[PDB]
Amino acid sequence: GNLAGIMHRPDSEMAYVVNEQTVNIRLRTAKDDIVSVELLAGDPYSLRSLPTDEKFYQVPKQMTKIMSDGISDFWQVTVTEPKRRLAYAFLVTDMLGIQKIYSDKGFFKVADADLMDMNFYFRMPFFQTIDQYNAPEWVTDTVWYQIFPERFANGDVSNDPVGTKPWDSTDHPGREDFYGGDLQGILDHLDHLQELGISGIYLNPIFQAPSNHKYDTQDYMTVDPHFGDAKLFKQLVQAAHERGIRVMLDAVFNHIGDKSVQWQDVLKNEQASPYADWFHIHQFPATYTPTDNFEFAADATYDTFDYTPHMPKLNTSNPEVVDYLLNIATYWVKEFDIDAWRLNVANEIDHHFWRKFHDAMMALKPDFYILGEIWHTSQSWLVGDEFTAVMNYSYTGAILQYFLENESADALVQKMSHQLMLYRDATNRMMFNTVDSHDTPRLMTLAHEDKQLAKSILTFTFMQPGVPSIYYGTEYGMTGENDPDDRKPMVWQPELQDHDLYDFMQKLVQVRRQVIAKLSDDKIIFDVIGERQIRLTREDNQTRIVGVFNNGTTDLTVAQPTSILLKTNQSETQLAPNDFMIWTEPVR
């Protein structure tokens, strides 16, 4: 067998606590090299301490091959142990029938293994629920809607910035434009959100800042006055909550804006500033050489987000900064009852801070949702002591690549499988899936205005384990290239809205919330049934939901389903190129 392809990392996503007496264990092997895996497991102390002749290694537990990423196969088993201590090893058999035991001590013939020595085995030493990953259940039933507040709705012309342009969803906005969107506009259109069926709003930053996007924070403790005030934000959160809609705000803690009191004090007082060590300043005075691009300097004497001199990086290892940021994070939860924080550039802040943040939030709200913005693999933030989830850009990016280009269905299924096996099962269900955002081109533009393709992408994404999000205006087919063009004023004129797409998105949201969210502990299965043809199944003990996606260039015929939930062709059996069909069937 391919022994170099076999690996088990103890105390990780491959061995973790699910409840006081139960653990999940995984093994990686080389694809199709290993025929079978059994787990030998039990209480380490039982081997020598108990007077019985029975030994735990005499009754193996079968492991199941659950996924493959094209390189490796992944196997899993759930183990229950009342003594809440576990020693375990793997019996692996390859395609030629060669069997070995694999343990913390390496690879052995069974006859050579020291099975009576507890230290031979991998260990889960005591099942610690304080250390385990917990998923908040309310997120399961959520469909999110992301609002970039400058561009959603102007409900109050009297707070508009100087130079505000007329509201025109056909504009191509520049980087410094204002259209006057604000919190009253969101309040004004809560009926639209409830009619669409969404149950969570994600706001981009709303705190005082000079820009239209407000990531260059001036004051974290004040709603930007062009958006509203504290009273209005409280009214908005209560009105959302009354409609069953949770609220997630954007925490911009990696850097502060250069018009903040703190940075302005550094510019006035240099190293004598009380805030000098709140930042990462290499040489005083803190300076840079301006260029023709506001957002770029080649030589700032302080660390920044990217290379923009207007966003000095915060020193989150400084205990005064930790206290400042934790007080901000507490204030908005305690005084306004928000339900979640989305963490901007969360990977560039240290784990020590995020553990303190996690502890503070869970002490306020044990079901709080902490969402990190990270575009690469995120295992070390998703153990259960830092974030709940991340924005799942690697996963939706792979979906986009499949639908928009011409890779094989095998390639896509390999990539999604790889992703899921990076994380604990409950973590995968908390991941935040959005196909586009204020940082990407719009879906309808990526699809070259092919609405059928856009519907397929959205439906495929809405069938995945993670929770889906709709970027404002997707439901009417808004177009746009990348930032700033993906931030057009929301389309409120009916002549300019795609009503068919809105109707479709209402139906899709209903399949997600009424069917997919209501299965119990389901299994997801990816089947490649032909060239660019995929069958996705989610199933529990009672019911199976199946979606077939034909993204080749030929017609596909399927058996007429008894209960079709959603389809694009008028036929109940034939799928043309880029059609899909979702149905439900009982499990037999």
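All residue numbers are counted from 1 along the displayed sequence.
Set 447 to 455 against 216 to 224 and average the Cα temperature factors; 447 to 455 ends up higher. Averaged over their C-alpha atoms, the temperature factors of 380 to 388 and 333 to 341 are higher for 333 to 341.
Comparing the C-alpha B-factors of 158, 301, 76, 428 in the entry, the top value falls on 158. Looking at 292, 250, 182, 131, the one whose CA carries the top B-factor in the deposited record is 292.
The entry lists a Cα temperature factor for residue 102 that places it in the lowest third of the chain's modelled residues.
Compared with the other modelled residues of the chain, the Cα B-factor recorded for residue 534 ranks in the middle third. Compared with the other modelled residues of the chain, the Cα B-factor recorded for residue 543 ranks in the highest third. Among the modelled residues of the chain, residue 526 sits in the highest third by CA temperature factor in this PDB entry.
Annotation for residue 63: C-alpha temperature factor in the lowest third relative to the rest of the modelled chain, per the entry.
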